[PDB]
Amino acid sequence: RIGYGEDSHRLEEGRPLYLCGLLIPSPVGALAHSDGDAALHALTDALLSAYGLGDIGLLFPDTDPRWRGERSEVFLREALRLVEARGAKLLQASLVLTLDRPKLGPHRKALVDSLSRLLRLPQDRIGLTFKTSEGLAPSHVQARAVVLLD
Amino acid sequence: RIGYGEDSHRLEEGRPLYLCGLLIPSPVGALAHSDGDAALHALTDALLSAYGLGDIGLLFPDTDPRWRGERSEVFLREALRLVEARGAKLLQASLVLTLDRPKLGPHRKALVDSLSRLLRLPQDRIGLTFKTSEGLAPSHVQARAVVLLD
Amino acid sequence: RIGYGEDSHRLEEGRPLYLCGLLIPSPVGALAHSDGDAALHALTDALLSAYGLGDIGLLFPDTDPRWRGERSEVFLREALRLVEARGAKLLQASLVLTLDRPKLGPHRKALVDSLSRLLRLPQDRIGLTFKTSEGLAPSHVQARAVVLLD
């Protein structure tokens with residue numbers, strides 16, 4: 001099985017930045033009524049998509065008291081739970097984060113370790129890369145993710 | 001075998017929106033020489049790409065007189081015709097549709113069914129997720145797709 | 001094993017365009033401290049991602065005398081070395097190139113031949129499709145790639 005997910009969030013100055021379940025020091029952060037964790041959102045969508053379960057707007061809306069205000073990791077674990085109940089075993093996750101600031105390189109180890117712990121995958125099965133948009137999207141964080149299961 | 005494809009079109013008011021082979025209610029439809037069915041196009045390119053066959057610009061360049069107008073379903077099924085002729089069996093398709101308006105929630109089941117129909121795949125092997133552009137691309141519809149075969 | 005990678009570079013008028021390791025006659029070329037080869041960069045990242053080796057910003061920075069000034073194909077070959085020393089066997093690459101000008105169609109055979117040579121894959125396992133941004137990104141070249149190994 002395969003899944004593909006994408007997520008993007010406007011960035012505003014002085015908001016906290018969350019990626020891969022972590023708080024990342026940054027002059028900018030997700031402007032939205034989520035934590036705007038683009039990384040986990042794309043990953044979550046990718047998991048749901050692999051089983052035709054819908055997407056995070058459908059399963060985790062802020063109109064539901066279960067899900068409103070929850071950390072994005074909560075959604076991810078939920079999606080993990082759902083596809084495992086259908087037989088899924090997650091084997092690999094590869095994703096790309098695009099944002100003109102801040103620099104994520106110094107946070108590489110922590111981000112990869114977090115995804116490893118939240119996805120329960122070995123580090124060599126976590127494919128994380130960092131890019132800038134070269135000014136094509138200087139006010140947004142974008143994530144695109146592919147997952148492979150059994 | 002895997003394939004990856006993308007498509008986008010400018011959106012315009014008073015225009016007809018086709019998505020996944022359906023006519024959808026919106027202020028805007030695609031500004032294209034075709035029906036601008038970004039979902040079907042991305043999927044066609046992903047299929048062609050999985051066998052190195054080219055892309056829709058190549059195989060469907062309108063100048064031929066049996067492409068003018070034609071529905072994008074024609075393109076999709078020809079691509080299906082070609083990979084199966086090369087021994088392929090399509091197993092799964094996972095795509096993301098990006099568009100600020102209109103909202104695709106109310107058309108989700110119909111959209112899946114159609115892809116189920118056209119791709120001759122089971123519901124749980126059609127991974128369709130919907131996203132907004134967050135102001136990055138307010139005037140376009142975007143689709144990106146991955147396919148898995150054999 | 002699967003890997004997903006992206007790259008995008010600003011296009012400037014008057015600068016040389018390099019795609020898939022080839023010089024492409026064009027009014028625009030990447031404005032980069034590299035050769036701005038979006039195609040090879042996204043492929044390189046996808047390969048590294050498949051083994052969690054990091055990304056080209058990490059492995060091939062211009063801070064490092066061996067990599068500074070080098071053609072992008074040099075990085076791609078090193079990434080192929082790295083994953084093959086981890087036992088990988090590249091099976092397939094599928095990428096999409098997006099740019100508003102120039103037209104890549106007349107160059108398709110050469111670009112595909114370049115990638116089959118560089119990746120050591122037969123042409124039917126090189127999936128290359130060409131798109132414009134429909135005016136969404138008219139000053140950039142964008143590349144997104146999926147790789148499959150073993």
# chains A, B, ... in the order shown; residues from 1 in each chain; ligands from 1
>>> residues_around(residues="residue 97 in chain C", least_positions_apart="6", cutoff="8 Å", atoms="only C-alpha atoms", output="PyMOL selection string")
chain C and resi 38-39+128-131+141-144
>>> write_last_selection(atoms="C-alpha atoms", output="PDB file, in the first residue's frame")
ATOM      1  CA  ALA C  38      15.909  21.049 -10.284  1.00  0.00           C
ATOM      2  CA  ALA C  39      15.511  17.611 -11.861  1.00  0.00           C
ATOM      3  CA  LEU C 128       9.508  11.989 -16.888  1.00  0.00           C
ATOM      4  CA  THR C 129       6.560  14.320 -17.461  1.00  0.00           C
ATOM      5  CA  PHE C 130       6.559  18.030 -18.382  1.00  0.00           C
ATOM      6  CA  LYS C 131       4.112  20.680 -17.180  1.00  0.00           C
ATOM      7  CA  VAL C 141      11.565  25.713 -12.280  1.00  0.00           C
ATOM      8  CA  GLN C 142      10.055  23.070  -9.961  1.00  0.00           C
ATOM      9  CA  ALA C 143      10.931  19.370  -9.722  1.00  0.00           C
ATOM     10  CA  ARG C 144       9.281  16.604  -7.694  1.00  0.00           C
TER      11      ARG C 144
END
>>> residues_around(residues="range 16-26 of chain A", least_positions_apart="3", cutoff="8 Å", atoms="only C-alpha atoms", output="NGL selection string")
:A and (29-30 or 35-40 or 71-73 or 101-102 or 107 or 111-112 or 114-115)
>>> closest_atom_pairs(of="chain C", to="chain B", cutoff="10 Å", atoms="only C-alpha atoms", output="JSON lines")
{"residue": "C:2", "atom": "CA", "partner": "B:2", "partner_atom": "CA", "distance": 9.5}
{"residue": "C:91", "atom": "CA", "partner": "B:1", "partner_atom": "CA", "distance": 8.6}
{"residue": "C:92", "atom": "CA", "partner": "B:1", "partner_atom": "CA", "distance": 7.4}
{"residue": "C:93", "atom": "CA", "partner": "B:2", "partner_atom": "CA", "distance": 8.2}
{"residue": "C:94", "atom": "CA", "partner": "B:4", "partner_atom": "CA", "distance": 5.8}
{"residue": "C:95", "atom": "CA", "partner": "B:4", "partner_atom": "CA", "distance": 6.4}
{"residue": "C:96", "atom": "CA", "partner": "B:5", "partner_atom": "CA", "distance": 6.3}
{"residue": "C:97", "atom": "CA", "partner": "B:6", "partner_atom": "CA", "distance": 9.3}
{"residue": "C:98", "atom": "CA", "partner": "B:6", "partner_atom": "CA", "distance": 9.0}
{"residue": "C:105", "atom": "CA", "partner": "B:58", "partner_atom": "CA", "distance": 7.5}
{"residue": "C:108", "atom": "CA", "partner": "B:54", "partner_atom": "CA", "distance": 8.5}
{"residue": "C:109", "atom": "CA", "partner": "B:54", "partner_atom": "CA", "distance": 9.9}
{"residue": "C:112", "atom": "CA", "partner": "B:52", "partner_atom": "CA", "distance": 8.9}
{"residue": "C:122", "atom": "CA", "partner": "B:52", "partner_atom": "CA", "distance": 9.3}
{"residue": "C:123", "atom": "CA", "partner": "B:52", "partner_atom": "CA", "distance": 6.3}
{"residue": "C:124", "atom": "CA", "partner": "B:52", "partner_atom": "CA", "distance": 4.5}
{"residue": "C:125", "atom": "CA", "partner": "B:52", "partner_atom": "CA", "distance": 6.0}
{"residue": "C:126", "atom": "CA", "partner": "B:52", "partner_atom": "CA", "distance": 5.4}
{"residue": "C:127", "atom": "CA", "partner": "B:49", "partner_atom": "CA", "distance": 4.1}
{"residue": "C:128", "atom": "CA", "partner": "B:49", "partner_atom": "CA", "distance": 6.0}
{"residue": "C:129", "atom": "CA", "partner": "B:55", "partner_atom": "CA", "distance": 5.2}
{"residue": "C:130", "atom": "CA", "partner": "B:55", "partner_atom": "CA", "distance": 7.0}
{"residue": "C:131", "atom": "CA", "partner": "B:7", "partner_atom": "CA", "distance": 7.2}
{"residue": "C:132", "atom": "CA", "partner": "B:8", "partner_atom": "CA", "distance": 8.4}
{"residue": "C:133", "atom": "CA", "partner": "B:8", "partner_atom": "CA", "distance": 6.8}
{"residue": "C:134", "atom": "CA", "partner": "B:9", "partner_atom": "CA", "distance": 5.8}
{"residue": "C:135", "atom": "CA", "partner": "B:10", "partner_atom": "CA", "distance": 7.7}
{"residue": "C:136", "atom": "CA", "partner": "B:137", "partner_atom": "CA", "distance": 7.1}
{"residue": "C:137", "atom": "CA", "partner": "B:137", "partner_atom": "CA", "distance": 9.7}
{"residue": "C:144", "atom": "CA", "partner": "B:4", "partner_atom": "CA", "distance": 8.6}
{"residue": "C:145", "atom": "CA", "partner": "B:4", "partner_atom": "CA", "distance": 7.4}
{"residue": "C:146", "atom": "CA", "partner": "B:4", "partner_atom": "CA", "distance": 6.7}
{"residue": "C:147", "atom": "CA", "partner": "B:2", "partner_atom": "CA", "distance": 8.2}
{"residue": "C:148", "atom": "CA", "partner": "B:2", "partner_atom": "CA", "distance": 7.3}
>>> write_last_selection(atoms="N, CA, C and O atoms", output="short mmCIF file (atom, residue, chain, number, x, y, z; two decimals), in the first residue's frame")
data_model
loop_
_atom_site.label_atom_id
_atom_site.label_comp_id
_atom_site.auth_asym_id
_atom_site.auth_seq_id
_atom_site.Cartn_x
_atom_site.Cartn_y
_atom_site.Cartn_z
N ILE C 2 11.06 3.36 -0.85
CA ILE C 2 10.55 4.52 -1.57
C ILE C 2 11.18 5.80 -1.03
O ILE C 2 11.58 5.96 0.13
N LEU C 91 15.32 0.86 -8.86
CA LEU C 91 14.42 0.18 -9.77
C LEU C 91 13.69 1.16 -10.66
O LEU C 91 13.34 0.91 -11.81
N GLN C 92 13.37 2.34 -10.13
CA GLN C 92 12.52 3.22 -10.91
C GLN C 92 12.55 4.65 -10.37
O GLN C 92 12.66 4.91 -9.18
N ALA C 93 12.46 5.59 -11.32
CA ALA C 93 12.36 7.00 -10.92
C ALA C 93 11.24 7.65 -11.74
O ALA C 93 11.12 7.44 -12.94
N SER C 94 10.40 8.43 -11.08
CA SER C 94 9.28 9.09 -11.75
C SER C 94 9.26 10.55 -11.32
O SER C 94 9.00 10.83 -10.14
N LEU C 95 9.54 11.48 -12.24
CA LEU C 95 9.58 12.86 -11.76
C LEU C 95 8.79 13.77 -12.71
O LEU C 95 8.61 13.39 -13.86
N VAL C 96 8.37 14.88 -12.16
CA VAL C 96 7.64 15.91 -12.87
C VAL C 96 8.44 17.21 -12.84
O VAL C 96 8.91 17.63 -11.79
N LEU C 97 8.59 17.82 -14.02
CA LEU C 97 9.27 19.10 -14.14
C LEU C 97 8.26 20.17 -14.50
O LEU C 97 7.48 20.05 -15.46
N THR C 98 8.25 21.26 -13.74
CA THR C 98 7.25 22.30 -14.02
C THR C 98 7.91 23.65 -14.26
O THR C 98 8.61 24.14 -13.39
N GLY C 105 9.37 19.55 -24.41
CA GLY C 105 8.97 18.54 -25.36
C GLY C 105 9.95 18.20 -26.45
O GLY C 105 10.26 17.02 -26.69
N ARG C 108 12.65 15.91 -25.04
CA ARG C 108 12.30 14.75 -24.24
C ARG C 108 13.22 13.56 -24.45
O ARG C 108 13.66 12.96 -23.46
N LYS C 109 13.54 13.17 -25.69
CA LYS C 109 14.41 12.01 -25.90
C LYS C 109 15.77 12.21 -25.25
O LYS C 109 16.26 11.28 -24.60
N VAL C 112 15.38 12.15 -21.30
CA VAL C 112 15.17 10.76 -20.86
C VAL C 112 16.43 9.95 -21.02
O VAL C 112 16.88 9.20 -20.15
N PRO C 122 16.68 1.31 -17.45
CA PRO C 122 16.17 1.27 -18.83
C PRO C 122 15.10 2.35 -18.98
O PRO C 122 14.52 2.76 -17.96
N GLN C 123 14.85 2.80 -20.20
CA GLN C 123 13.96 3.91 -20.45
C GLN C 123 12.56 3.67 -19.92
O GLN C 123 11.84 4.61 -19.57
N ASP C 124 12.11 2.41 -19.84
CA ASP C 124 10.74 2.23 -19.37
C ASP C 124 10.65 2.38 -17.86
O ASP C 124 9.56 2.38 -17.29
N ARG C 125 11.78 2.53 -17.18
CA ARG C 125 11.76 2.75 -15.73
C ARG C 125 12.17 4.18 -15.43
O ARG C 125 12.43 4.49 -14.27
N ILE C 126 12.23 5.04 -16.45
CA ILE C 126 12.40 6.46 -16.25
C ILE C 126 11.10 7.17 -16.60
O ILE C 126 10.77 7.25 -17.79
N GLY C 127 10.41 7.69 -15.62
CA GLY C 127 9.15 8.38 -15.82
C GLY C 127 9.31 9.88 -15.70
O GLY C 127 9.46 10.43 -14.61
N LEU C 128 9.28 10.55 -16.84
CA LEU C 128 9.51 11.99 -16.89
C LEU C 128 8.34 12.69 -17.57
O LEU C 128 8.01 12.38 -18.73
N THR C 129 7.70 13.61 -16.85
CA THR C 129 6.56 14.32 -17.46
C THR C 129 6.83 15.82 -17.34
O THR C 129 7.57 16.19 -16.43
N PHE C 130 6.30 16.61 -18.24
CA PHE C 130 6.56 18.03 -18.38
C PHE C 130 5.24 18.78 -18.19
O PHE C 130 4.23 18.41 -18.79
N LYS C 131 5.27 19.82 -17.37
CA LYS C 131 4.11 20.68 -17.18
C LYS C 131 4.52 22.15 -17.14
O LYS C 131 5.66 22.51 -16.86
N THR C 132 3.59 23.05 -17.42
CA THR C 132 3.76 24.46 -17.08
C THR C 132 3.04 24.71 -15.75
O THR C 132 2.30 23.81 -15.31
N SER C 133 3.27 25.86 -15.16
CA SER C 133 2.62 26.25 -13.91
C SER C 133 1.31 26.98 -14.17
O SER C 133 0.61 27.38 -13.23
N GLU C 134 0.97 27.15 -15.45
CA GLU C 134 -0.28 27.85 -15.75
C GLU C 134 -0.27 29.24 -15.12
O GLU C 134 -1.31 29.76 -14.71
N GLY C 135 0.91 29.84 -15.02
CA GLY C 135 1.07 31.19 -14.52
C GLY C 135 1.10 31.26 -13.02
O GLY C 135 1.29 32.33 -12.44
N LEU C 136 0.93 30.12 -12.35
CA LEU C 136 1.11 30.10 -10.89
C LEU C 136 2.54 30.41 -10.46
O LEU C 136 2.70 31.15 -9.48
N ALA C 137 3.56 29.88 -11.12
CA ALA C 137 4.97 30.03 -10.77
C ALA C 137 5.85 30.34 -11.97
O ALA C 137 6.73 29.59 -12.39
N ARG C 144 9.71 17.53 -8.76
CA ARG C 144 9.28 16.60 -7.69
C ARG C 144 9.46 15.18 -8.18
O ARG C 144 9.06 14.84 -9.30
N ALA C 145 10.07 14.33 -7.37
CA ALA C 145 10.41 12.99 -7.82
C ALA C 145 10.11 11.92 -6.78
O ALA C 145 10.29 12.21 -5.59
N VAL C 146 9.70 10.76 -7.25
CA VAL C 146 9.57 9.54 -6.45
C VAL C 146 10.55 8.50 -7.01
O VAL C 146 10.68 8.36 -8.23
N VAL C 147 11.24 7.80 -6.12
CA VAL C 147 12.15 6.74 -6.49
C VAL C 147 11.63 5.46 -5.79
O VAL C 147 11.06 5.58 -4.71
N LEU C 148 11.85 4.33 -6.42
CA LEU C 148 11.55 3.01 -5.88
C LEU C 148 12.83 2.18 -5.92
O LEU C 148 13.50 2.18 -6.96
#
>>> select_by_dssp(residues="chain B", states="strand (DSSP E)", output="JSON list (two decimals) with N, CA, C and O atoms, in the first residue's frame")
[["chain", "number", "residue", "atom", "x", "y", "z"],
["B", 2, "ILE", "N", 5.84, 2.35, -9.82],
["B", 2, "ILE", "CA", 5.15, 3.53, -9.30],
["B", 2, "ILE", "C", 5.16, 4.64, -10.34],
["B", 2, "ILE", "O", 6.04, 4.68, -11.21],
["B", 3, "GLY", "N", 4.17, 5.51, -10.27],
["B", 3, "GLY", "CA", 4.08, 6.68, -11.13],
["B", 3, "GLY", "C", 3.71, 7.90, -10.31],
["B", 3, "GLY", "O", 3.01, 7.79, -9.30],
["B", 4, "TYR", "N", 4.19, 9.06, -10.73],
["B", 4, "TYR", "CA", 3.92, 10.33, -10.06],
["B", 4, "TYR", "C", 3.56, 11.38, -11.11],
["B", 4, "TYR", "O", 4.29, 11.51, -12.10],
["B", 5, "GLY", "N", 2.47, 12.10, -10.92],
["B", 5, "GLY", "CA", 2.04, 13.11, -11.86],
["B", 5, "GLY", "C", 1.39, 14.31, -11.22],
["B", 5, "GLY", "O", 0.92, 14.27, -10.09],
["B", 6, "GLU", "N", 1.33, 15.42, -11.96],
["B", 6, "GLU", "CA", 0.73, 16.64, -11.45],
["B", 6, "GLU", "C", 0.00, 17.39, -12.55],
["B", 6, "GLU", "O", 0.31, 17.27, -13.74],
["B", 7, "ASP", "N", -0.96, 18.19, -12.12],
["B", 7, "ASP", "CA", -1.62, 19.08, -13.09],
["B", 7, "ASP", "C", -2.19, 20.28, -12.35],
["B", 7, "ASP", "O", -2.56, 20.19, -11.19],
["B", 8, "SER", "N", -2.29, 21.43, -13.02],
["B", 8, "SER", "CA", -2.94, 22.58, -12.41],
["B", 8, "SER", "C", -3.60, 23.39, -13.53],
["B", 8, "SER", "O", -3.22, 23.22, -14.69],
["B", 9, "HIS", "N", -4.57, 24.22, -13.21],
["B", 9, "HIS", "CA", -5.18, 25.08, -14.23],
["B", 9, "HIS", "C", -5.62, 26.36, -13.54],
["B", 9, "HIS", "O", -5.90, 26.33, -12.33],
["B", 10, "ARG", "N", -5.67, 27.45, -14.30],
["B", 10, "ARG", "CA", -6.16, 28.70, -13.70],
["B", 10, "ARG", "C", -7.66, 28.55, -13.49],
["B", 10, "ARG", "O", -8.31, 27.86, -14.28],
["B", 11, "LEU", "N", -8.23, 29.14, -12.45],
["B", 11, "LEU", "CA", -9.66, 29.03, -12.22],
["B", 11, "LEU", "C", -10.30, 30.37, -12.60],
["B", 11, "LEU", "O", -9.66, 31.38, -12.34],
["B", 12, "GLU", "N", -11.50, 30.32, -13.14],
["B", 12, "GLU", "CA", -12.18, 31.56, -13.53],
["B", 12, "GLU", "C", -13.66, 31.49, -13.21],
["B", 12, "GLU", "O", -14.29, 30.44, -13.33],
["B", 13, "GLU", "N", -14.23, 32.63, -12.80],
["B", 13, "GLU", "CA", -15.66, 32.63, -12.51],
["B", 13, "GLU", "C", -16.44, 32.40, -13.80],
["B", 13, "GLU", "O", -15.90, 32.63, -14.89],
["B", 17, "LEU", "N", -16.19, 23.61, -13.75],
["B", 17, "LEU", "CA", -15.19, 22.86, -12.99],
["B", 17, "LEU", "C", -15.38, 21.37, -13.21],
["B", 17, "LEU", "O", -16.42, 20.82, -12.85],
["B", 18, "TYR", "N", -14.41, 20.67, -13.80],
["B", 18, "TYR", "CA", -14.56, 19.20, -13.79],
["B", 18, "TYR", "C", -13.51, 18.60, -12.85],
["B", 18, "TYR", "O", -12.35, 18.98, -12.98],
["B", 19, "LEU", "N", -13.90, 17.72, -11.93],
["B", 19, "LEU", "CA", -12.95, 17.08, -11.03],
["B", 19, "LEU", "C", -13.21, 15.58, -10.90],
["B", 19, "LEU", "O", -14.31, 15.18, -10.54],
["B", 22, "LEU", "N", -16.15, 14.53, -12.82],
["B", 22, "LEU", "CA", -17.48, 15.06, -12.56],
["B", 22, "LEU", "C", -17.53, 16.58, -12.70],
["B", 22, "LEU", "O", -16.54, 17.24, -12.43],
["B", 23, "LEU", "N", -18.69, 17.07, -13.12],
["B", 23, "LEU", "CA", -19.05, 18.48, -13.10],
["B", 23, "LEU", "C", -19.41, 18.91, -11.68],
["B", 23, "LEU", "O", -20.30, 18.33, -11.05],
["B", 24, "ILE", "N", -18.72, 19.91, -11.16],
["B", 24, "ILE", "CA", -18.90, 20.32, -9.77],
["B", 24, "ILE", "C", -19.35, 21.77, -9.64],
["B", 24, "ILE", "O", -18.87, 22.63, -10.37],
["B", 28, "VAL", "N", -16.30, 29.10, -10.05],
["B", 28, "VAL", "CA", -15.22, 29.04, -11.01],
["B", 28, "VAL", "C", -14.99, 27.64, -11.56],
["B", 28, "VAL", "O", -15.14, 26.67, -10.82],
["B", 29, "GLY", "N", -14.63, 27.57, -12.83],
["B", 29, "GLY", "CA", -14.19, 26.35, -13.48],
["B", 29, "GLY", "C", -12.83, 26.57, -14.11],
["B", 29, "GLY", "O", -12.26, 27.66, -14.00],
["B", 30, "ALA", "N", -12.29, 25.55, -14.78],
["B", 30, "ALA", "CA", -10.94, 25.66, -15.32],
["B", 30, "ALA", "C", -10.91, 26.49, -16.60],
["B", 30, "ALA", "O", -11.79, 26.38, -17.45],
["B", 31, "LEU", "N", -9.86, 27.29, -16.69],
["B", 31, "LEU", "CA", -9.48, 28.02, -17.89],
["B", 31, "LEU", "C", -8.48, 27.17, -18.68],
["B", 31, "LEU", "O", -7.27, 27.30, -18.48],
["B", 90, "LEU", "N", -3.02, -1.93, -12.23],
["B", 90, "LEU", "CA", -3.15, -0.81, -11.30],
["B", 90, "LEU", "C", -3.65, -1.36, -9.97],
["B", 90, "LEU", "O", -4.58, -2.17, -9.91],
["B", 91, "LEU", "N", -2.99, -0.94, -8.89],
["B", 91, "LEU", "CA", -3.34, -1.47, -7.57],
["B", 91, "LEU", "C", -3.96, -0.42, -6.69],
["B", 91, "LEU", "O", -4.83, -0.58, -5.83],
["B", 92, "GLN", "N", -3.50, 0.81, -6.89],
["B", 92, "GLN", "CA", -3.84, 1.87, -5.97],
["B", 92, "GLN", "C", -3.52, 3.23, -6.60],
["B", 92, "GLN", "O", -2.60, 3.32, -7.40],
["B", 93, "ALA", "N", -4.31, 4.21, -6.19],
["B", 93, "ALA", "CA", -4.03, 5.60, -6.56],
["B", 93, "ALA", "C", -4.32, 6.48, -5.35],
["B", 93, "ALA", "O", -5.36, 6.34, -4.70],
["B", 94, "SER", "N", -3.40, 7.37, -5.06],
["B", 94, "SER", "CA", -3.49, 8.33, -3.98],
["B", 94, "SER", "C", -3.16, 9.74, -4.47],
["B", 94, "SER", "O", -2.03, 9.96, -4.90],
["B", 95, "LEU", "N", -4.16, 10.62, -4.37],
["B", 95, "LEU", "CA", -3.96, 11.98, -4.86],
["B", 95, "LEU", "C", -4.47, 13.03, -3.90],
["B", 95, "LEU", "O", -5.34, 12.78, -3.07],
["B", 96, "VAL", "N", -3.92, 14.23, -4.03],
["B", 96, "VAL", "CA", -4.30, 15.41, -3.27],
["B", 96, "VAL", "C", -4.84, 16.46, -4.24],
["B", 96, "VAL", "O", -4.16, 16.70, -5.24],
["B", 97, "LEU", "N", -5.99, 17.03, -3.93],
["B", 97, "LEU", "CA", -6.56, 18.14, -4.68],
["B", 97, "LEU", "C", -6.46, 19.38, -3.79],
["B", 97, "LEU", "O", -6.92, 19.30, -2.66],
["B", 98, "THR", "N", -5.88, 20.44, -4.32],
["B", 98, "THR", "CA", -5.68, 21.73, -3.67],
["B", 98, "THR", "C", -6.49, 22.82, -4.34],
["B", 98, "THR", "O", -6.38, 23.07, -5.54],
["B", 126, "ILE", "N", -8.56, 3.89, -3.43],
["B", 126, "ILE", "CA", -8.64, 5.25, -3.94],
["B", 126, "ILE", "C", -8.41, 6.19, -2.75],
["B", 126, "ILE", "O", -9.29, 6.29, -1.89],
["B", 127, "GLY", "N", -7.24, 6.82, -2.73],
["B", 127, "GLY", "CA", -6.86, 7.76, -1.69],
["B", 127, "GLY", "C", -6.96, 9.20, -2.21],
["B", 127, "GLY", "O", -6.07, 9.64, -2.92],
["B", 128, "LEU", "N", -8.03, 9.88, -1.85],
["B", 128, "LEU", "CA", -8.37, 11.23, -2.27],
["B", 128, "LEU", "C", -8.46, 12.12, -1.04],
["B", 128, "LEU", "O", -9.28, 11.91, -0.14],
["B", 129, "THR", "N", -7.59, 13.13, -1.00],
["B", 129, "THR", "CA", -7.65, 14.10, 0.10],
["B", 129, "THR", "C", -7.77, 15.51, -0.49],
["B", 129, "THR", "O", -7.24, 15.72, -1.59],
["B", 130, "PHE", "N", -8.45, 16.38, 0.23],
["B", 130, "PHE", "CA", -8.75, 17.74, -0.19],
["B", 130, "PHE", "C", -8.05, 18.77, 0.69],
["B", 130, "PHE", "O", -8.09, 18.70, 1.93],
["B", 131, "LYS", "N", -7.41, 19.75, 0.06],
["B", 131, "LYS", "CA", -6.74, 20.82, 0.77],
["B", 131, "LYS", "C", -7.05, 22.19, 0.17],
["B", 131, "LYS", "O", -7.39, 22.24, -1.01],
["B", 140, "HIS", "N", -6.17, 28.91, -8.60],
["B", 140, "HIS", "CA", -5.86, 27.70, -9.34],
["B", 140, "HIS", "C", -6.40, 26.47, -8.61],
["B", 140, "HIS", "O", -6.51, 26.44, -7.39],
["B", 141, "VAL", "N", -6.66, 25.47, -9.44],
["B", 141, "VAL", "CA", -6.83, 24.14, -8.85],
["B", 141, "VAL", "C", -5.57, 23.33, -9.14],
["B", 141, "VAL", "O", -4.97, 23.39, -10.22],
["B", 142, "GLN", "N", -5.12, 22.56, -8.16],
["B", 142, "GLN", "CA", -3.91, 21.77, -8.29],
["B", 142, "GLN", "C", -4.23, 20.32, -7.91],
["B", 142, "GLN", "O", -5.04, 20.12, -7.01],
["B", 143, "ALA", "N", -3.57, 19.41, -8.60],
["B", 143, "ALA", "CA", -3.64, 17.99, -8.29],
["B", 143, "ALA", "C", -2.27, 17.35, -8.40],
["B", 143, "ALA", "O", -1.48, 17.58, -9.31],
["B", 144, "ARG", "N", -1.96, 16.51, -7.42],
["B", 144, "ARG", "CA", -0.73, 15.73, -7.51],
["B", 144, "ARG", "C", -1.13, 14.29, -7.17],
["B", 144, "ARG", "O", -1.92, 14.19, -6.22],
["B", 145, "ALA", "N", -0.60, 13.34, -7.92],
["B", 145, "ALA", "CA", -1.00, 11.94, -7.77],
["B", 145, "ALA", "C", 0.15, 10.95, -7.79],
["B", 145, "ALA", "O", 1.13, 11.10, -8.53],
["B", 146, "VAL", "N", 0.01, 9.90, -6.98],
["B", 146, "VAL", "CA", 0.89, 8.74, -7.08],
["B", 146, "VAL", "C", 0.05, 7.51, -7.41],
["B", 146, "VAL", "O", -1.07, 7.32, -6.92],
["B", 147, "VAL", "N", 0.60, 6.65, -8.25],
["B", 147, "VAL", "CA", -0.04, 5.38, -8.56],
["B", 147, "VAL", "C", 0.91, 4.22, -8.25],
["B", 147, "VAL", "O", 2.14, 4.35, -8.35],
["B", 148, "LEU", "N", 0.30, 3.12, -7.84],
["B", 148, "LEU", "CA", 1.01, 1.87, -7.58],
["B", 148, "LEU", "C", 0.44, 0.74, -8.44],
["B", 148, "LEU", "O", -0.77, 0.55, -8.53],
["B", 149, "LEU", "N", 1.33, -0.02, -9.09],
["B", 149, "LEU", "CA", 0.90, -1.08, -10.00],
["B", 149, "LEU", "C", 1.69, -2.37, -9.74],
["B", 149, "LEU", "O", 2.88, -2.32, -9.39]]
>>> atom_distance(atom1="CA of residue 15 in chain C", atom2="CA of residue 80 in chain C")
28.4 Å
>>> select_by_dssp(residues="range 4-149 of chain A", states="helix (DSSP H, G or I)", output="count of residues only")
48
>>> atom_distance(atom1="CA of residue 43 in chain B", atom2="CA of residue 79 in chain B")
9.2 Å
